[PDB]
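S.K.: Next up, run.csv (CSV, C-alpha atoms).
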chain,number,residue,atom,x,y,z
A,761,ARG,CA,-38.3,17.3,19.0
A,762,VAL,CA,-37.4,14.3,17.0
A,763,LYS,CA,-35.9,16.2,14.0
A,764,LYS,CA,-33.3,17.9,16.2
A,765,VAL,CA,-32.4,14.6,17.7
A,766,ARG,CA,-32.2,13.0,14.2
A,767,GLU,CA,-30.1,15.9,12.9
A,768,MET,CA,-27.8,15.8,15.9
A,769,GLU,CA,-27.3,12.0,15.6
A,770,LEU,CA,-26.8,12.5,11.9
A,771,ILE,CA,-23.7,14.8,12.3
A,772,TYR,CA,-22.4,12.5,15.1
A,773,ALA,CA,-22.8,9.5,12.7
A,774,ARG,CA,-20.9,11.4,10.0
A,775,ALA,CA,-18.0,12.0,12.3
A,776,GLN,CA,-18.3,8.5,13.7
A,777,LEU,CA,-18.0,7.4,10.1
A,778,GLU,CA,-14.7,9.3,9.9
A,779,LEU,CA,-13.6,7.5,13.0
A,780,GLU,CA,-14.5,4.1,11.5
A,781,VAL,CA,-12.9,4.7,8.1
A,782,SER,CA,-9.7,6.1,9.6
A,783,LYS,CA,-9.5,3.0,11.8
A,784,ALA,CA,-9.9,0.8,8.7
A,785,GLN,CA,-7.5,3.1,6.8
A,786,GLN,CA,-4.5,3.3,9.1
A,787,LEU,CA,-4.8,-0.3,10.4
A,788,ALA,CA,-4.6,-1.4,6.7
A,789,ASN,CA,-1.7,0.9,5.8
A,790,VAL,CA,0.3,-0.8,8.6
A,791,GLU,CA,-1.1,-4.2,7.5
A,792,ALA,CA,0.0,-3.5,3.9
A,793,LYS,CA,3.4,-1.9,4.8
A,794,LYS,CA,4.2,-4.8,7.1
A,795,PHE,CA,3.3,-7.2,4.3
A,796,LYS,CA,5.5,-5.0,2.1
A,797,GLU,CA,8.5,-5.5,4.4
A,798,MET,CA,7.6,-9.2,5.0
A,799,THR,CA,7.6,-10.2,1.3
A,800,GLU,CA,10.6,-7.9,0.5
A,801,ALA,CA,12.6,-9.5,3.2
A,802,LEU,CA,12.3,-13.0,1.6
A,803,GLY,CA,12.6,-12.3,-2.1
A,804,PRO,CA,10.5,-12.8,-5.2
A,805,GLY,CA,11.7,-16.3,-6.1
A,806,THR,CA,12.2,-17.2,-2.5
A,807,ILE,CA,8.5,-16.6,-1.5
A,808,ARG,CA,7.4,-18.5,-4.6
A,809,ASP,CA,9.6,-21.5,-3.7
A,810,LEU,CA,8.4,-21.4,-0.1
A,811,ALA,CA,4.7,-21.3,-1.2
A,812,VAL,CA,5.2,-24.1,-3.8
A,813,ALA,CA,7.6,-26.2,-1.7
A,814,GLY,CA,6.2,-29.5,-2.9
A,815,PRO,CA,7.4,-32.2,-5.3
B,761,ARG,CA,-26.8,18.7,26.4
B,762,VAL,CA,-26.3,15.7,24.1
B,763,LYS,CA,-24.5,17.6,21.3
B,764,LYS,CA,-21.8,18.9,23.6
B,765,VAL,CA,-21.3,15.3,24.9
B,766,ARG,CA,-21.2,14.0,21.3
B,767,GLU,CA,-18.8,16.7,20.2
B,768,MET,CA,-16.5,16.1,23.2
B,769,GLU,CA,-16.5,12.4,22.6
B,770,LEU,CA,-15.9,13.1,19.0
B,771,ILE,CA,-12.5,14.9,19.5
B,772,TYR,CA,-11.6,12.3,22.1
B,773,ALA,CA,-12.3,9.5,19.6
B,774,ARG,CA,-10.2,11.4,17.0
B,775,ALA,CA,-7.2,11.4,19.4
B,776,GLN,CA,-8.0,7.9,20.5
B,777,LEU,CA,-7.7,7.0,16.8
B,778,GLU,CA,-4.3,8.5,16.7
B,779,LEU,CA,-3.4,6.3,19.7
B,780,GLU,CA,-4.7,3.2,17.9
B,781,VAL,CA,-3.0,3.9,14.6
B,782,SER,CA,0.3,4.8,16.2
B,783,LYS,CA,0.1,1.5,18.2
B,784,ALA,CA,-0.5,-0.4,15.0
B,785,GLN,CA,2.2,1.7,13.2
B,786,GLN,CA,5.2,1.4,15.5
B,787,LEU,CA,4.4,-2.2,16.5
B,788,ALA,CA,4.5,-3.1,12.8
B,789,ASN,CA,7.7,-1.1,12.1
B,790,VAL,CA,9.5,-3.2,14.7
B,791,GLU,CA,7.7,-6.3,13.4
B,792,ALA,CA,8.9,-5.5,9.9
B,793,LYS,CA,12.4,-4.4,10.9
B,794,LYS,CA,12.8,-7.6,13.0
B,795,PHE,CA,11.7,-9.6,9.9
B,796,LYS,CA,14.2,-7.5,7.9
B,797,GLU,CA,17.0,-8.6,10.2
B,798,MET,CA,15.7,-12.1,10.5
B,799,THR,CA,15.6,-12.8,6.7
B,800,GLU,CA,18.8,-10.8,6.1
B,801,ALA,CA,20.6,-12.9,8.7
B,802,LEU,CA,19.9,-16.2,6.9
B,803,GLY,CA,20.3,-15.3,3.2
B,804,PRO,CA,18.3,-15.3,0.0
B,805,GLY,CA,19.0,-18.8,-1.1
B,806,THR,CA,19.3,-20.1,2.4
B,807,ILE,CA,15.8,-19.1,3.4
B,808,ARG,CA,14.5,-20.6,0.2
B,809,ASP,CA,16.3,-23.9,0.9
B,810,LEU,CA,15.0,-23.9,4.5
B,811,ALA,CA,11.4,-23.3,3.4
B,812,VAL,CA,11.6,-25.9,0.6
B,813,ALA,CA,13.7,-28.5,2.6
B,814,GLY,CA,12.0,-31.5,1.1
B,815,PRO,CA,12.8,-34.2,-1.5
Before anything else, please render the file you have as structure tokens.
M.R.:
Amino acid sequence: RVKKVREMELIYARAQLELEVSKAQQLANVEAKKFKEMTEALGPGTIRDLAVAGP
Amino acid sequence: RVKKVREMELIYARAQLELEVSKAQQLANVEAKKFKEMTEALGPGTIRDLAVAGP
């Protein structure tokens, strides 16, 4: 009785893991690509000057 | 009984994942393209001067 429930929940958890990792995966690809476009929009020296804007 | 429900919810979650990642995807492409046009409108040195406007 319990082993079938444990086995069934096991394969569900494996696929639920694929749901979780894909959520982390794609939400980070867009997070990284947006950062790619954000920092490319400004410029290498420009972002450095903006971050170190202080005398 | 449970396995069919778990399997059915699994494929729904897979497609719901595609809904979530597409939402993150396209909302970031517009976020990045708008930033592309925003920083291109000002200029490379101009944005640096605006961000480091301090003596």
S.K.: With a distance cut-off of 10 Å and only C-alpha atoms, select the neighbouring residues of residue 786 (chain A), excluding the residue or stretch itself and same-chain residues fewer than 5 positions from it, and output the selection as a list in words.
M.R.: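 With the cut-off at 10 Å, the set is residues 781, 791 and 792 of chain A; 777, 778, 780, 781, 782, 784 and 785 of chain B.
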S.K.: For chain A, which residues have at least one atom within 7 Å of chain B, if we go by all atoms listed in the file? Write them as a list in words, please.
M.R.: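 Applying the cut-off to the listed atoms yields residues 768, 772, 779, 783, 786, 787, 790, 794, 797, 798, 801, 802, 803, 806, 809, 810, 813 and 815 of chain A.
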S.K.: Least-squares superpose chain B onto chain A - every C-alpha atom, paired in order - and show me the moved coordinates as an mmCIF file with C-alpha atoms, keeping the file's coordinate frame.
M.R.:
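Printed below is superposed21.cif as written:
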data_model
loop_
_atom_site.group_PDB
_atom_site.id
_atom_site.type_symbol
_atom_site.label_atom_id
_atom_site.label_comp_id
_atom_site.auth_asym_id
_atom_site.auth_seq_id
_atom_site.Cartn_x
_atom_site.Cartn_y
_atom_site.Cartn_z
ATOM 1 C CA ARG B 761 -38.302 17.358 19.021
ATOM 2 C CA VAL B 762 -37.444 14.276 16.947
ATOM 3 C CA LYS B 763 -35.895 16.163 13.992
ATOM 4 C CA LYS B 764 -33.369 17.952 16.157
ATOM 5 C CA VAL B 765 -32.431 14.549 17.717
ATOM 6 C CA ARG B 766 -32.180 13.002 14.224
ATOM 7 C CA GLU B 767 -30.131 15.883 12.898
ATOM 8 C CA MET B 768 -27.768 15.795 15.908
ATOM 9 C CA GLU B 769 -27.317 12.088 15.586
ATOM 10 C CA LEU B 770 -26.815 12.582 11.937
ATOM 11 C CA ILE B 771 -23.659 14.814 12.263
ATOM 12 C CA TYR B 772 -22.443 12.547 15.039
ATOM 13 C CA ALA B 773 -22.801 9.502 12.764
ATOM 14 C CA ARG B 774 -20.955 11.441 10.005
ATOM 15 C CA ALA B 775 -17.972 11.988 12.364
ATOM 16 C CA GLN B 776 -18.336 8.509 13.732
ATOM 17 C CA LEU B 777 -17.936 7.375 10.107
ATOM 18 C CA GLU B 778 -14.745 9.266 9.856
ATOM 19 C CA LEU B 779 -13.577 7.425 13.002
ATOM 20 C CA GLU B 780 -14.492 4.063 11.454
ATOM 21 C CA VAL B 781 -12.898 4.713 8.091
ATOM 22 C CA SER B 782 -9.729 6.126 9.582
ATOM 23 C CA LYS B 783 -9.520 2.987 11.825
ATOM 24 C CA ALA B 784 -9.891 0.791 8.783
ATOM 25 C CA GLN B 785 -7.471 3.062 6.801
ATOM 26 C CA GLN B 786 -4.452 3.304 9.083
ATOM 27 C CA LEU B 787 -4.804 -0.281 10.358
ATOM 28 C CA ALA B 788 -4.603 -1.439 6.735
ATOM 29 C CA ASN B 789 -1.673 0.876 5.851
ATOM 30 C CA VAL B 790 0.376 -0.787 8.580
ATOM 31 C CA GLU B 791 -1.035 -4.172 7.536
ATOM 32 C CA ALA B 792 0.051 -3.499 3.973
ATOM 33 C CA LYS B 793 3.393 -1.909 4.848
ATOM 34 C CA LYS B 794 4.185 -4.869 7.176
ATOM 35 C CA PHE B 795 3.331 -7.216 4.247
ATOM 36 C CA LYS B 796 5.551 -4.985 2.068
ATOM 37 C CA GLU B 797 8.469 -5.559 4.412
ATOM 38 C CA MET B 798 7.607 -9.159 4.987
ATOM 39 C CA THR B 799 7.585 -10.151 1.252
ATOM 40 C CA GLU B 800 10.516 -7.828 0.467
ATOM 41 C CA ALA B 801 12.564 -9.491 3.197
ATOM 42 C CA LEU B 802 12.269 -12.978 1.656
ATOM 43 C CA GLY B 803 12.548 -12.318 -2.105
ATOM 44 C CA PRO B 804 10.556 -12.803 -5.273
ATOM 45 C CA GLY B 805 11.676 -16.265 -6.116
ATOM 46 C CA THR B 806 12.140 -17.251 -2.532
ATOM 47 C CA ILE B 807 8.546 -16.611 -1.570
ATOM 48 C CA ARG B 808 7.432 -18.496 -4.634
ATOM 49 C CA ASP B 809 9.623 -21.490 -3.710
ATOM 50 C CA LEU B 810 8.341 -21.376 -0.105
ATOM 51 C CA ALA B 811 4.692 -21.303 -1.206
ATOM 52 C CA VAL B 812 5.202 -24.063 -3.806
ATOM 53 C CA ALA B 813 7.608 -26.230 -1.641
ATOM 54 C CA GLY B 814 6.284 -29.519 -2.893
ATOM 55 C CA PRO B 815 7.402 -32.291 -5.293
#
S.K.: N, CA, C and O atoms are needed for region 789-804 of chain B; please write them out as a compact mmCIF listing (two decimals), in the coordinates of the input.
M.R.:
# COMPACT_ATOMS: atom_id res chain seq x y z
N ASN B 789 6.35 -1.46 12.48
CA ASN B 789 7.70 -1.10 12.10
C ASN B 789 8.73 -1.99 12.72
O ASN B 789 9.67 -2.46 12.07
N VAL B 790 8.57 -2.24 14.02
CA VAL B 790 9.50 -3.20 14.70
C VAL B 790 9.21 -4.60 14.21
O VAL B 790 10.16 -5.39 14.07
N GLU B 791 7.95 -4.96 13.93
CA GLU B 791 7.70 -6.30 13.40
C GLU B 791 8.31 -6.45 12.00
O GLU B 791 8.85 -7.52 11.70
N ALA B 792 8.26 -5.42 11.17
CA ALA B 792 8.90 -5.50 9.90
C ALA B 792 10.40 -5.38 9.91
O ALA B 792 11.08 -6.10 9.17
N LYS B 793 10.95 -4.52 10.77
CA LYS B 793 12.40 -4.40 10.90
C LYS B 793 13.00 -5.68 11.45
O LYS B 793 14.08 -6.11 11.04
N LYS B 794 12.32 -6.29 12.43
CA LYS B 794 12.80 -7.60 13.00
C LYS B 794 12.78 -8.64 11.87
O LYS B 794 13.71 -9.45 11.77
N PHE B 795 11.73 -8.66 11.05
CA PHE B 795 11.70 -9.60 9.90
C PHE B 795 12.78 -9.23 8.90
O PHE B 795 13.37 -10.11 8.27
N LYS B 796 13.04 -7.93 8.72
CA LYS B 796 14.20 -7.50 7.90
C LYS B 796 15.47 -8.11 8.37
O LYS B 796 16.23 -8.68 7.57
N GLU B 797 15.75 -8.01 9.67
CA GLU B 797 17.00 -8.60 10.20
C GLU B 797 16.97 -10.08 10.20
O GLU B 797 18.00 -10.73 10.00
N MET B 798 15.80 -10.68 10.44
CA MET B 798 15.70 -12.10 10.50
C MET B 798 16.03 -12.75 9.12
O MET B 798 16.86 -13.66 9.04
N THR B 799 15.40 -12.26 8.05
CA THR B 799 15.60 -12.80 6.70
C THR B 799 16.98 -12.40 6.14
O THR B 799 17.53 -13.14 5.32
N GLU B 800 17.51 -11.24 6.53
CA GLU B 800 18.80 -10.80 6.10
C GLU B 800 19.92 -11.68 6.79
O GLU B 800 20.97 -11.94 6.20
N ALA B 801 19.65 -12.12 8.02
CA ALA B 801 20.60 -12.90 8.70
C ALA B 801 20.86 -14.27 8.04
O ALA B 801 22.00 -14.74 7.95
N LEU B 802 19.79 -14.89 7.53
CA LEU B 802 19.90 -16.20 6.90
C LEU B 802 20.57 -16.07 5.51
O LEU B 802 21.66 -16.58 5.26
N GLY B 803 19.89 -15.38 4.59
CA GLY B 803 20.30 -15.30 3.20
C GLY B 803 19.26 -15.64 2.24
O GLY B 803 18.36 -16.44 2.53
N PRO B 804 19.34 -15.08 1.02
CA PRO B 804 18.30 -15.30 0.00
C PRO B 804 18.05 -16.72 -0.36
O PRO B 804 16.93 -17.23 -0.29
